[PDB]
Every structure is written in C-alpha cells, then in structure tokens.
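Dumped data.txt below, it's compact mmCIF, C-alpha atoms:
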# COMPACT_ATOMS: atom_id res chain seq x y z
CA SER A 1 24.48 8.20 -2.08
CA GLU A 2 24.41 11.78 -3.37
CA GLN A 3 25.46 13.37 -0.05
CA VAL A 4 28.42 11.00 0.49
CA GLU A 5 28.88 11.74 -3.17
CA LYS A 6 28.77 15.46 -2.60
CA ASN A 7 31.09 14.55 0.26
CA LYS A 8 34.19 13.49 -1.81
CA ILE A 9 33.67 16.44 -4.30
CA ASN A 10 35.40 18.56 -1.75
CA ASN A 11 39.03 17.65 -1.37
CA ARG A 12 38.64 17.65 -5.14
CA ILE A 13 38.69 21.13 -6.77
CA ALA A 14 42.41 21.76 -6.32
CA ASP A 15 42.59 19.52 -3.00
CA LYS A 16 41.01 21.32 0.09
CA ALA A 17 43.73 24.01 -0.04
CA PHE A 18 42.04 27.00 -1.82
CA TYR A 19 39.06 25.07 -3.18
CA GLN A 20 36.82 23.81 -0.37
CA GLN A 21 38.41 26.46 1.84
CA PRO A 22 37.44 29.14 -0.68
CA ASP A 23 33.93 27.67 -0.76
CA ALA A 24 33.75 28.00 3.03
CA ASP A 25 35.04 31.57 2.85
CA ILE A 26 32.27 32.28 0.35
CA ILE A 27 29.59 30.62 2.48
CA UNK A 28 37.99 41.59 8.19
CA UNK A 29 36.15 41.69 4.86
CA UNK A 30 38.90 42.19 2.36
CA UNK A 31 40.33 44.06 3.93
CA UNK A 32 40.26 40.33 4.57
CA UNK A 33 40.65 39.91 0.80
CA UNK A 34 43.70 42.18 0.94
CA UNK A 35 44.98 40.00 3.77
CA UNK A 36 44.54 36.72 1.88
CA UNK A 37 46.21 38.99 -0.83
CA UNK A 38 49.44 39.34 1.10
CA UNK A 39 47.63 36.29 -0.03
CA UNK A 40 49.04 34.13 -2.52
CA UNK A 41 52.71 33.38 -1.91
CA UNK A 42 54.25 30.61 -4.04
CA UNK A 43 57.62 30.08 -5.74
CA UNK A 44 58.79 33.00 -3.59
CA UNK A 45 56.06 34.65 -1.50
CA UNK A 46 54.24 35.12 -4.82
CA UNK A 47 52.80 38.52 -3.90
CA UNK A 48 54.86 41.66 -3.32
CA UNK A 49 55.39 42.56 -6.92
CA UNK A 50 52.33 44.78 -7.51
CA UNK A 51 48.83 44.10 -6.18
CA UNK A 52 50.16 42.44 -3.01
CA UNK A 53 52.58 45.12 -1.84
CA UNK A 54 50.11 47.81 -3.01
CA UNK A 55 47.04 46.72 -1.06
CA UNK A 56 49.29 45.72 1.87
CA UNK A 57 50.95 49.11 2.43
CA UNK A 58 47.73 50.91 1.52
CA UNK A 59 45.67 49.29 4.28
CA UNK A 60 48.54 49.13 6.77
CA UNK A 61 48.67 52.94 6.54
CA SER B 1 0.96 24.64 15.57
CA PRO B 2 -0.45 27.08 18.15
CA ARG B 3 -1.46 25.20 21.27
CA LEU B 4 1.00 22.26 21.24
CA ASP B 5 3.99 22.20 23.65
CA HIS B 6 6.44 20.80 21.09
CA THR B 7 8.46 19.58 24.09
CA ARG B 8 6.06 16.62 24.26
CA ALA B 9 6.42 15.70 20.58
CA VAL B 10 10.01 15.55 19.31
CA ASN B 11 10.45 13.07 22.17
CA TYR B 12 7.99 10.64 20.56
CA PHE B 13 9.80 11.07 17.23
CA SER B 14 13.42 10.53 18.36
CA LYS B 15 12.84 7.16 20.04
CA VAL B 16 10.94 6.37 16.81
CA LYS B 17 13.79 6.38 14.27
CA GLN B 18 11.46 8.40 12.07
CA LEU B 19 11.79 12.00 13.26
CA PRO B 20 13.09 13.49 9.99
CA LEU B 21 9.62 13.41 8.43
CA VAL B 22 9.14 16.38 10.75
CA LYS B 23 12.06 17.97 8.87
CA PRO B 24 9.73 20.59 7.34
CA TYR B 25 7.62 20.42 10.50
CA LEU B 26 10.73 22.13 11.85
CA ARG B 27 10.70 24.68 8.96
CA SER B 28 8.13 27.38 9.70
CA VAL B 29 8.72 26.29 13.32
CA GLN B 30 12.12 26.68 15.00
CA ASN B 31 11.13 30.26 15.92
CA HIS B 32 10.11 28.71 19.24
CA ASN B 33 13.86 28.53 19.91
CA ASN B 34 12.96 25.16 21.52
CA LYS B 35 15.79 22.76 22.41
CA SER B 36 14.53 19.50 20.93
CA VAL B 37 14.43 21.52 17.68
CA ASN B 38 18.02 22.75 17.30
CA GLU B 39 19.32 19.77 19.42
CA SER B 40 18.28 16.91 17.13
CA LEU B 41 17.82 19.47 14.32
CA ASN B 42 21.60 19.87 14.39
CA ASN B 43 21.99 16.11 14.84
CA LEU B 44 20.02 16.07 11.58
CA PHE B 45 22.06 18.63 9.63
CA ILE B 46 25.09 16.69 10.95
CA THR B 47 24.58 13.14 9.70
CA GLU B 48 22.73 14.61 6.70
CA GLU B 49 25.74 16.82 5.86
CA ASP B 50 23.77 20.07 5.78
CA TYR B 51 25.85 23.17 6.52
CA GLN B 52 23.99 26.01 4.80
CA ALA B 53 20.85 25.31 6.81
CA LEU B 54 22.63 24.04 9.94
CA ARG B 55 24.70 27.24 9.95
CA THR B 56 21.60 29.40 9.47
CA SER B 57 19.65 26.89 11.58
CA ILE B 58 21.71 28.47 14.35
CA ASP B 59 22.51 31.89 12.85
CA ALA B 60 19.89 33.23 15.25
CA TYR B 61 18.31 30.71 17.64
CA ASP B 62 20.99 29.99 20.25
CA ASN B 63 19.10 27.48 22.43
CA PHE B 64 21.22 24.34 22.64
CA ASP B 65 24.15 22.45 24.17
CA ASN B 66 27.12 24.49 22.96
CA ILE B 67 29.52 21.61 23.61
CA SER B 68 29.05 17.91 22.86
CA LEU B 69 27.43 19.11 19.63
CA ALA B 70 30.85 20.11 18.28
CA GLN B 71 32.24 16.88 19.75
CA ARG B 72 30.61 14.69 17.10
CA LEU B 73 31.64 17.16 14.40
CA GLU B 74 35.36 17.03 15.22
CA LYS B 75 35.16 13.25 14.83
CA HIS B 76 34.49 13.85 11.13
CA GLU B 77 36.68 13.57 8.04
CA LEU B 78 34.79 16.15 6.00
CA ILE B 79 36.13 19.38 7.49
CA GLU B 80 32.84 21.15 6.69
CA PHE B 81 31.79 20.46 10.28
CA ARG B 82 35.38 20.11 11.50
CA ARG B 83 35.50 23.68 10.21
CA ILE B 84 32.29 24.73 11.94
CA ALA B 85 32.86 22.56 15.02
CA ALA B 86 35.91 24.80 15.07
CA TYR B 87 33.57 27.79 14.91
CA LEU B 88 30.85 26.26 17.11
CA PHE B 89 33.39 25.71 19.88
CA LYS B 90 34.84 29.22 19.41
CA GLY B 91 31.50 31.03 19.05
CA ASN B 92 32.00 34.69 19.97
CA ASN B 93 34.88 33.30 22.04
CA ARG B 94 38.08 33.34 19.88
CA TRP B 95 40.45 31.77 22.43
CA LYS B 96 39.15 28.20 21.99
CA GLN B 97 39.48 27.97 18.16
CA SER B 98 43.18 28.91 18.09
CA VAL B 99 44.39 27.26 21.33
CA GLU B 100 43.11 24.04 19.71
CA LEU B 101 45.12 23.47 16.45
CA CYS B 102 48.27 21.44 15.84
CA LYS B 103 49.39 20.10 12.45
CA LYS B 104 45.82 19.42 11.27
CA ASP B 105 43.28 22.25 11.08
CA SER B 106 46.32 24.48 10.99
CA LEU B 107 45.07 26.34 7.92
CA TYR B 108 47.61 28.90 6.64
CA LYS B 109 44.37 30.86 6.09
CA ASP B 110 41.67 31.42 8.73
CA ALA B 111 44.43 30.90 11.33
CA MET B 112 45.89 34.24 10.26
CA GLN B 113 42.51 35.89 10.82
CA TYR B 114 40.91 34.43 13.96
CA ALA B 115 43.75 35.72 16.15
CA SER B 116 43.24 39.41 15.22
CA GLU B 117 39.93 39.84 17.07
CA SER B 118 41.51 38.30 20.20
CA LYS B 119 42.24 40.26 23.38
CA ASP B 120 44.65 37.99 25.25
CA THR B 121 47.51 39.84 23.52
CA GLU B 122 50.30 37.51 24.67
CA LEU B 123 48.62 34.69 22.72
CA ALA B 124 50.37 36.41 19.81
CA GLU B 125 53.70 35.34 21.28
CA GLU B 126 52.03 31.95 21.73
CA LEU B 127 51.07 31.71 18.06
CA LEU B 128 54.21 33.46 16.79
CA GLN B 129 56.63 31.50 18.99
CA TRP B 130 54.99 28.48 17.31
CA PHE B 131 55.10 29.88 13.76
CA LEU B 132 58.88 29.85 14.19
CA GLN B 133 59.33 26.23 15.20
CA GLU B 134 56.75 24.67 12.81
CA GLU B 135 55.95 27.06 9.96
CA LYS B 136 57.47 29.71 7.68
CA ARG B 137 54.66 32.14 6.87
CA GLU B 138 55.93 33.77 10.07
CA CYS B 139 56.07 36.84 7.84
CA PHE B 140 52.30 37.15 7.51
CA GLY B 141 52.33 35.94 11.10
CA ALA B 142 54.59 38.40 12.88
CA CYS B 143 53.02 41.10 10.70
CA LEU B 144 49.21 40.87 10.70
CA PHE B 145 49.95 40.71 14.42
CA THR B 146 51.49 44.24 14.49
CA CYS B 147 49.31 46.51 12.27
CA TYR B 148 46.33 46.19 14.65
CA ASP B 149 47.33 48.91 17.12
CA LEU B 150 50.27 47.08 18.58
CA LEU B 151 49.78 43.87 20.59
CA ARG B 152 53.17 42.62 19.29
CA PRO B 153 55.58 44.72 21.43
CA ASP B 154 59.38 44.61 21.68
CA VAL B 155 59.04 41.54 23.87
CA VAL B 156 57.96 39.47 20.86
CA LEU B 157 60.03 41.19 18.14
CA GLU B 158 63.04 39.99 20.14
CA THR B 159 61.85 36.58 21.31
CA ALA B 160 62.55 35.77 17.65
CA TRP B 161 66.18 36.93 17.80
CA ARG B 162 67.36 34.82 20.71
CA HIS B 163 67.15 32.67 17.55
CA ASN B 164 67.01 33.92 13.91
CA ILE B 165 69.89 36.31 13.17
CA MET B 166 68.72 35.96 9.48
CA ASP B 167 64.93 35.94 8.97
CA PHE B 168 63.22 39.11 10.13
CA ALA B 169 63.27 41.58 7.25
CA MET B 170 59.71 42.32 6.09
CA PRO B 171 58.18 45.44 7.66
CA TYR B 172 55.12 47.05 6.32
CA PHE B 173 53.84 47.55 9.91
CA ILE B 174 56.76 48.46 12.12
CA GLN B 175 56.71 51.81 10.34
CA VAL B 176 52.92 52.04 10.39
CA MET B 177 53.50 52.46 14.12
CA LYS B 178 56.55 54.68 13.49
CA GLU B 179 55.09 57.86 12.01
CA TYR B 180 51.98 56.78 13.94
CA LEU B 181 54.18 57.40 16.97
CA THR B 182 55.41 60.39 14.96
CA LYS B 183 51.96 61.76 14.13
CA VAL B 184 50.35 61.44 17.54
CA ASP B 185 53.57 63.32 18.25
CA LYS B 186 52.58 65.84 15.58
CA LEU B 187 49.25 66.76 17.19
CA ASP B 188 50.87 66.57 20.63
CA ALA B 189 53.61 69.07 19.82
CA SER B 190 50.74 71.02 18.27
CA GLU B 191 48.77 71.27 21.54
CA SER B 192 52.02 71.90 23.39
CA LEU B 193 52.39 75.01 21.23
CA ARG B 194 48.69 75.67 21.79
CA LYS B 195 49.54 76.05 25.48
CA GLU B 196 52.77 78.00 24.85
CA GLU B 197 50.99 80.47 22.52
CA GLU B 198 48.01 81.22 24.76
CA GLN B 199 50.29 81.76 27.80
CA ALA B 200 51.62 84.54 25.53
CA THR B 201 48.53 86.70 25.03
CA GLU B 202 47.05 87.02 28.53
CA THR B 203 50.60 87.54 29.85
CA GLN B 204 53.22 88.40 27.23
CA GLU C 1 58.25 61.01 -8.50
CA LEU C 2 61.90 62.04 -8.75
CA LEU C 3 63.16 59.33 -6.39
CA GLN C 4 61.12 56.51 -7.94
CA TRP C 5 62.91 57.61 -11.14
CA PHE C 6 66.39 57.89 -9.59
CA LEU C 7 66.06 54.15 -8.92
CA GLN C 8 65.24 52.99 -12.43
CA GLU C 9 67.64 55.31 -14.34
CA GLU C 10 70.34 56.65 -12.03
CA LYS C 11 72.53 55.75 -9.05
CA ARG C 12 73.15 58.99 -7.17
CA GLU C 13 69.91 57.95 -5.47
CA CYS C 14 71.98 58.47 -2.34
CA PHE C 15 72.20 62.24 -2.73
CA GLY C 16 68.68 61.85 -4.07
CA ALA C 17 66.83 60.04 -1.31
CA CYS C 18 68.84 62.18 1.14
CA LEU C 19 68.75 65.87 0.18
CA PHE C 20 65.06 64.98 0.00
CA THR C 21 64.86 64.14 3.76
CA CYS C 22 66.91 66.79 5.66
CA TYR C 23 64.48 69.56 4.68
CA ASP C 24 61.90 69.01 7.43
CA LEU C 25 60.71 65.61 6.36
CA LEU C 26 59.24 65.03 2.90
CA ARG C 27 60.67 61.47 2.95
CA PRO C 28 58.19 59.72 5.32
CA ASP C 29 57.91 56.07 6.33
CA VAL C 30 56.24 55.38 3.00
CA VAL C 31 59.56 55.89 1.20
CA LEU C 32 61.94 54.55 3.86
CA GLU C 33 60.11 51.24 3.33
CA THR C 34 59.52 51.30 -0.41
CA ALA C 35 63.26 50.52 -0.39
CA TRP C 36 62.88 47.41 1.77
CA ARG C 37 60.32 45.54 -0.31
CA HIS C 38 62.25 46.73 -3.35
CA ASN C 39 66.05 46.95 -2.90
CA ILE C 40 67.15 44.61 -0.08
CA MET C 41 70.78 45.86 -0.73
CA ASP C 42 71.19 49.58 -1.48
CA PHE C 43 69.83 51.82 1.26
CA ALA C 44 72.58 52.31 3.84
CA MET C 45 73.59 55.99 3.92
CA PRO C 46 71.86 58.02 6.64
CA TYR C 47 73.05 61.38 7.69
CA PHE C 48 69.41 62.61 7.78
CA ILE C 49 67.22 59.84 9.15
CA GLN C 50 68.85 60.59 12.50
CA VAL C 51 68.70 64.35 11.99
CA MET C 52 64.97 63.75 12.36
CA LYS C 53 65.57 61.20 15.15
CA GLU C 54 66.86 63.30 18.04
CA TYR C 55 64.92 66.06 16.31
CA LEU C 56 61.91 63.92 17.22
CA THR C 57 63.81 63.36 20.46
CA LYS C 58 64.50 67.04 21.18
CA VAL C 59 61.06 68.44 20.41
CA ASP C 60 60.35 65.61 22.85
CA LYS C 61 62.87 67.17 25.24
CA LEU C 62 61.14 70.56 25.43
CA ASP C 63 57.74 68.81 25.42
CA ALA C 64 58.51 66.63 28.43
CA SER C 65 59.89 69.87 29.84
CA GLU C 66 56.57 71.74 29.58
CA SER C 67 54.78 68.61 30.75
CA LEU C 68 56.80 68.92 33.95
CA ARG C 69 56.12 72.66 33.87
CA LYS C 70 52.44 71.78 34.26
CA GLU C 71 53.05 69.00 36.81
CA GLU C 72 55.22 71.30 38.98
CA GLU C 73 52.88 74.28 39.06
CA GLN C 74 49.81 72.05 39.61
CA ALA C 75 51.20 70.03 42.54
CA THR C 76 52.40 73.35 43.99
CA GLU C 77 49.26 75.51 43.86
CA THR C 78 47.37 72.39 44.99
CA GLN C 79 49.34 70.73 47.80
Structure translated into structure tokens:
Amino acid sequence: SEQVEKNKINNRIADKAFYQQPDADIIXXXXXXXXXXXXXXXXXXXXXXXXXXXXXXXXXX
Amino acid sequence: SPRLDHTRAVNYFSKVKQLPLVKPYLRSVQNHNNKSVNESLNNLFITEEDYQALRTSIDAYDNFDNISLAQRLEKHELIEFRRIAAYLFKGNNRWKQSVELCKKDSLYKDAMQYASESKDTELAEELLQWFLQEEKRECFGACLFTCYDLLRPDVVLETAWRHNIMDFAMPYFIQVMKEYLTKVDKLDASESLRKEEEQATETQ
Amino acid sequence: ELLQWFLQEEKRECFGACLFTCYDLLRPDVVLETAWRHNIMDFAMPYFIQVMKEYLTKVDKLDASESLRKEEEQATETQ
C-alpha cells in the first residue's frame, strides 16, 4: 500500500525531470552544481545571462 | 550471534517465505560481509522499494553478485533502481553506464557527468557524435567534454563540421586551453631564458 | 573596466578593444570571449590578435631553435 503509494509520488513533483532526479542527486560537487548551472536552459538556453556565464567561465578558468 | 555460521541459516529462511522477520536480524549483522546477507538483503530492499538502506546496505560491504542483481532492477518502472541498477552495473567502472543508454535513461543530467571521469577518451566522439543526431544540448556536450584537460581534440571539433556549418559557436573552453597553451608557453619561454641567462655568466 | 563601458555607452570599441591588445597582451582570452557570449555580431577587426599570434609563433621559433641547440650539442658530445 504505502510503498506502492510512495512509488507514484515520484513522477509527481514536476514529473521525474528535476523532481525525482533532484531527489536522487540529493540522496564533481558543484562544481557539479555549477555544471547543472550551465544548468537550467529553457526558452533559450536559460542560463548565460548572469549566474550561468559567471560560474561557467570562472570554473573553466 | 557469535558462534553461528550464518551460512546455514538464511538458507532455512529463504525457502520459508518468511525471511524478512530477520530484517533486523540483518541490522547489527551484515558486518560479516556474508553473501546470503547482501544477496537476499538486496532482493529485500528491491521488492520492498528501499534505496536509502539498499544503497548504504552496499556502501561498504561488496560481497555479492554484481550482475543479475541489476538485472531485476532494470526491469522496473520506478527509476529509483533503474537509476541505481545503472550505477550498480557501472560501479567504479564508468564505461558500462554510458554505453548502455538510448532514448530512455538518457537523462540530460547525470549523462553529462558520468562521462567526465572516463578514460576511453574517444567515447567522447561516441557520445558527441550521438548528441548531434538525437539531441541539441550538444553545447553542454561538446563543452564539458573539453575543459577537462583536453580529450576532445581537433578530430572531434571537426567531425561536427562534415555536417553543421551553422551550430558550433559557444566556447568557454576552447580558450581555456588557449592561454593554457599560452601559459605553459609562458613558463617554458621563462626556463628557456633561464638557460640563456646562465650560459651568460660562466661564459659571457 | 574601460572596455566593458565602451560596450554599453560607445561604439569606437574597435579602437578600444584593440589599442588595448597590441601593448604586450592585457586583452587575454577572458575578454576575447566575453564578446562571444555577449555580442554574437560585432567583434571582427583584428590587427592585433595576430600580432600576438606569430609573436607566440616566433618566440616559439627561437625556442624550438634553442631546443635543437641542446639536442645537437648533446647527441654530439655523447655519440
């Protein structure tokens, strides 16, 4: 009951795309965060504006 | 506890359909690294849906069948284990995890991170060549590739041309290697002058 | 500082981002790229970027030269 119930919950907090995946990433470094920072990337790469470009170049060094 | 063989116990439980009572019996135990422990223990964390424990249930004790185990996990719907079966199969061996992807389990995420630690360089061209025909985040692709020393040579930077006249502008990295190959040049010219200079005192 | 400003307030960025470069190199990779992320169009000009190119291809000349210096004397005294 509860487990199969806990089961569906995933694929449910903004559909296994940055929800359950984020949970797995919580359970490179960042570093790795900076990478998944190049990150976000919607409408048009949604990133290189400020934080994205910044961290990117910084680390790249 | 002390002065049982364990090996002659789990066996009586398994063919009993009641073994889980021993769940905690496996708690303070499992230091014995014994097979029946992890072996069904995993089988337990598998059908039971446990990942925290299961993960830690193996975050140390490596005594088991690193194979079939991940076979039952892949057959799942709940990626939790299709995510770890991915790990379990890769385990300190990165080549498996990537060379086994396709549409599914192609996560625009961990897929851009499990390649990095690799050593079979060329696999970059493998991944990248694929990025081109099937995905568009080639940017993050052809890039995170580069920044780590250089495993993405000219060979790959071109492979992409034979095709895409447009699509290629991005660079963060190509220059990281530029003054890099302009700084190692700094210190090198420096030691060159070292030499020059000395050969000037003892024999001007 | 100056250059970043040239961009948001002036257009002679050309003479800007250039007279900058030609003196040794004060315009590293850092800046040559800043323009990529940023201004796609606007960047073509070079006089200087190449001044540093064969410059970093000539210091390479003499360097390979002294490398062979070494090679030559070594192989000699030890053949």
Handout entry: For residue A:33: contacts at 12 Å, only C-alpha atoms, fewer than 6 positions along chain excluded, given as an MDAnalysis selection string
Key = (chainID A and resid 22 25:26 39:40 51:52 55:56 59) or (chainID B and resid 109:110 113)
Can you write out the residues you just picked, keeping C-alpha atoms, as an mmCIF file, keeping the file's coordinate frame?
data_model
loop_
_atom_site.group_PDB
_atom_site.id
_atom_site.type_symbol
_atom_site.label_atom_id
_atom_site.label_comp_id
_atom_site.auth_asym_id
_atom_site.auth_seq_id
_atom_site.Cartn_x
_atom_site.Cartn_y
_atom_site.Cartn_z
ATOM 1 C CA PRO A 22 37.440 29.140 -0.680
ATOM 2 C CA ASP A 25 35.040 31.570 2.850
ATOM 3 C CA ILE A 26 32.270 32.280 0.350
ATOM 4 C CA UNK A 39 47.630 36.290 -0.030
ATOM 5 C CA UNK A 40 49.040 34.130 -2.520
ATOM 6 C CA UNK A 51 48.830 44.100 -6.180
ATOM 7 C CA UNK A 52 50.160 42.440 -3.010
ATOM 8 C CA UNK A 55 47.040 46.720 -1.060
ATOM 9 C CA UNK A 56 49.290 45.720 1.870
ATOM 10 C CA UNK A 59 45.670 49.290 4.280
ATOM 11 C CA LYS B 109 44.370 30.860 6.090
ATOM 12 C CA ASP B 110 41.670 31.420 8.730
ATOM 13 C CA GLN B 113 42.510 35.890 10.820
#
Handout entry: Expected answer as a list in words: chain C residues within 9 Å of chain B, only C-alpha atoms
Key = residues 28, 29, 30, 32, 33, 36, 37, 40, 56, 59, 60, 63, 66 and 67 of chain C
Pick out the chain A residues within 9 Å of chain B. Count only C-alpha atoms. Give them as a PDB file with C-alpha atoms, in the coordinates of the input.
ATOM      1  CA  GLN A   3      25.460  13.370  -0.050  1.00  0.00           C
ATOM      2  CA  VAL A   4      28.420  11.000   0.490  1.00  0.00           C
ATOM      3  CA  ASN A   7      31.090  14.550   0.260  1.00  0.00           C
ATOM      4  CA  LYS A   8      34.190  13.490  -1.810  1.00  0.00           C
ATOM      5  CA  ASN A  10      35.400  18.560  -1.750  1.00  0.00           C
ATOM      6  CA  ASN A  11      39.030  17.650  -1.370  1.00  0.00           C
ATOM      7  CA  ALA A  17      43.730  24.010  -0.040  1.00  0.00           C
ATOM      8  CA  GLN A  20      36.820  23.810  -0.370  1.00  0.00           C
ATOM      9  CA  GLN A  21      38.410  26.460   1.840  1.00  0.00           C
ATOM     10  CA  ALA A  24      33.750  28.000   3.030  1.00  0.00           C
ATOM     11  CA  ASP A  25      35.040  31.570   2.850  1.00  0.00           C
ATOM     12  CA  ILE A  27      29.590  30.620   2.480  1.00  0.00           C
ATOM     13  CA  UNK A  28      37.990  41.590   8.190  1.00  0.00           C
ATOM     14  CA  UNK A  32      40.260  40.330   4.570  1.00  0.00           C
ATOM     15  CA  UNK A  35      44.980  40.000   3.770  1.00  0.00           C
ATOM     16  CA  UNK A  36      44.540  36.720   1.880  1.00  0.00           C
ATOM     17  CA  UNK A  38      49.440  39.340   1.100  1.00  0.00           C
ATOM     18  CA  UNK A  39      47.630  36.290  -0.030  1.00  0.00           C
ATOM     19  CA  UNK A  45      56.060  34.650  -1.500  1.00  0.00           C
ATOM     20  CA  UNK A  53      52.580  45.120  -1.840  1.00  0.00           C
ATOM     21  CA  UNK A  56      49.290  45.720   1.870  1.00  0.00           C
ATOM     22  CA  UNK A  57      50.950  49.110   2.430  1.00  0.00           C
ATOM     23  CA  UNK A  60      48.540  49.130   6.770  1.00  0.00           C
ATOM     24  CA  UNK A  61      48.670  52.940   6.540  1.00  0.00           C
TER      25      UNK A  61
END
Exercise for the section: Measure the distance from atom CA of residue B:57 to atom CA of residue B:101 in Å and round it to one decimal. Expected result: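 A separation of 26.2 Å between them.
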Practice task
Mind checking which residues fall within 9 Å of residue B:13, counting only C-alpha atoms, ignoring those fewer than 6 positions away in the same chain, and posting them as a list in words?
Solution key: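 The residues satisfying every condition are residues 19, 20 and 22 of chain B.
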Practice task
Please identify all polymer residues within 9 Å of residue B:95, counting all atoms listed in the file, omitting same-chain residues fewer than 2 positions from it, and present them as a ChimeraX atom specification.
Solution key: /B:90,93,97-100,114-115,118-120,123
Completion exercise
In terms of only C-alpha atoms, the residue from C:70, C:58, C:34, C:79 at minimal distance from chain A is C:34
Problem - Gap from atom CA of residue B:152 to atom CA of residue B:124 - Å, one decimal - result: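 For atom CA of residue B:152 relative to atom CA of residue B:124, the distance reads 6.8 Å.
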Practice task
Give me, please, the distance in Å between atom CA of residue C:18 and atom CA of residue C:39, quoted to one decimal.
Solution key: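 Answer for the atom CA of residue C:18 to atom CA of residue C:39 separation: 16.0 Å.
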May I have the centre and edge lengths, in Å to one decimal, of an axis-aligned box around the listed atoms of stretch 39-43 of chain C with 5 Å added to every side, as lines of an AutoDock Vina configuration file?
center_x = 68.6
center_y = 48.2
center_z = -0.8
size_x = 15.1
size_y = 17.2
size_z = 14.2
Practice task
Quick one: residues within 9 Å of (51.5, 26.6, 14.6) (file frame), counting all atoms listed in the file, please, as a ChimeraX atom specification.
Solution key: /B:101-103,106,111,126-135
Exercise for the section: Counting all atoms listed in the file, select every polymer residue within 6 Å of (64.4, 65.3, 9.3) as defined in the file's coordinates, and provide the selection as a ChimeraX atom specification. Expected result: /C:21-22,24-25,48,51-52
